[PDB]
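First, one chain by itself: the form deposited in one PDB entry, in structure tokens.
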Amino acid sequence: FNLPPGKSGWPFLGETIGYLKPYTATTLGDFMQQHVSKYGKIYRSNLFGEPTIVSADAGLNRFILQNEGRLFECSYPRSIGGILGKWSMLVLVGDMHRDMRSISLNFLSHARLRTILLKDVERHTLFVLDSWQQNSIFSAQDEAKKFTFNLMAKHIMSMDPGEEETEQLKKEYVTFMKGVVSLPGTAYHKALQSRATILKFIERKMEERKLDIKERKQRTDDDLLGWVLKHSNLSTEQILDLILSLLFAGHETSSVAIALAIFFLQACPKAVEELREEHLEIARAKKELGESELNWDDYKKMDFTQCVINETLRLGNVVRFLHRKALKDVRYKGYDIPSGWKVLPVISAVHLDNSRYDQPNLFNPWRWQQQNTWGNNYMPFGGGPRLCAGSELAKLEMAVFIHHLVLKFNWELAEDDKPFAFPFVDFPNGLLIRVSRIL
């Protein structure tokens, strides 16, 4: 019987404060690097109020991910467990989760991806990028968040950008997100108030949709709200939790990824040159054909863009680790994971590994003309039965945004900045950039 080595830290809190200490997002951070150096890639700790096995071992992390529902299961801390609702897909397990995942996969199907969703992705890209003024200075992080929130609101509830009900859902949504990152104080009871308001807003739009469906109007299931009403048997409270958890799942991730790409690309002008060549050829082809909107076949031509995307996610690491629990005693590589203990697969660790990538701290999208996303080396979307249901939409959002960005603008940092993990990734100075339109 061999328990992994490590400390236990302070009572109640353990090593949580040190574990959560902000660190530059392109690294693992002092706490993680030092613990791996002293104890190895598998070590024990006391985190988020529970005894914990931390894993920076890519072989163990894929074993955990693939054995969801058998040896391990998703398990958030008590505080974080319930802010997205009892029926949040990110927290559910068992049959209910299997049913909610099947719904998300079907709504995000390839057929719907290449017709419905792509049109909205390009429309929302141009809604943002056409408002950018010459020689202006602004926060790219805020613009990225604008793009992805607008886009998600369209996808889930057919809301249009810039309209009042959408700008007000943003303020309510961010006030609610100030609860996840937290006495409770007046900034936690405020987040529960906002959550209730949001749930009442979603239930309002749900009743309007049930009327559209009863009156047999066409294309009622273009958004997620209409889709679950027509194609599922979820209850009202289940629908509200699904809508809210999808907004979070799709916006918090995609916004960071877009911002990371803007950041990495201004420091890699040769990658922007190759992107312009690839995207100018696509645009020239459509001009000769007299076609205006992008189609799936144009997206399939964005080979080097997919290299930038993979490199952005490998180096930037939108998600630092996952929250899991062991369902029974497990033995792996000679260590014992006791039942009921928390298990944290640090899926970001292998992305920064010297032995799996050559110069992992360098942004080098050309490495993906040799490497591949299959296997242990690459898991920014997770793995196993909970592998990210929106990954294909995420890549499409980045590709379409990049396409119009490099065709319309040059950009530079107006103020020094760097990404940090809190563990959520964010730019402290807001990623201010100056832009100028091309010829």
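Basically, rigid core = biggest C-alpha set you can superpose within 1.5 Å across the two forms. Just count from 1 along the sequence shown to find any residue number.
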Can you tell me whether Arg216 lacks a model in a third or more of the other compared entries? yes
Absent coordinates for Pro11 in a third or more of other compared entries: yes
Interval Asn361-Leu362, deposited residues with no coordinates in the entry (none, 1 to 3, 4 to 9, 10 or more): none
Assert higher mean C-alpha B factor (207-215 or 239-247, deposited values) equals 207-215
Comparing 169-177 with 336-344, the one whose average Cα B-factor in the PDB entry is higher: 169-177
Member of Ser391, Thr27, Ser37, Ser55 with the greatest C-alpha B factor (per the PDB record): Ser37
From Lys230, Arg367, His351, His124, the top C-alpha temperature factor is at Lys230
Would you check the entry's CA temperature factor for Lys301 and let me know if it's in the chain's lowest, middle or highest third? middle
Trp374: C-alpha B-factor third of its chain, per the entry, is the highest
Among the modelled residues of its chain, the C-alpha B-factor of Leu183 falls in the third labelled highest
If you rank every modelled residue in this chain by C-alpha B factor, which third holds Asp142: lowest, middle or highest? lowest
Lowest, middle or highest third: which one holds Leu313 when the chain's residues are ordered by CA B-factor from the entry? lowest
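Missing here is the form deposited in another entry; even so, the following discussion is about that form.
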Core-fitted Cα difference of 2 Å or more between this form and the one not shown, single residue among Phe176, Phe201, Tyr299, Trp132: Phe176
Is the C-alpha displacement of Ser79 equal to or greater than 2 Å between this form and the one not shown once the rigid core has been superposed? yes
C-alpha of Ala153: shift of 2 angstroms or more between this form and the one not shown, rigid core aligned? no
Quick one: once the rigid core is lined up, does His189 have its C-alpha move by 2 Å or more between this form and the one not shown? yes
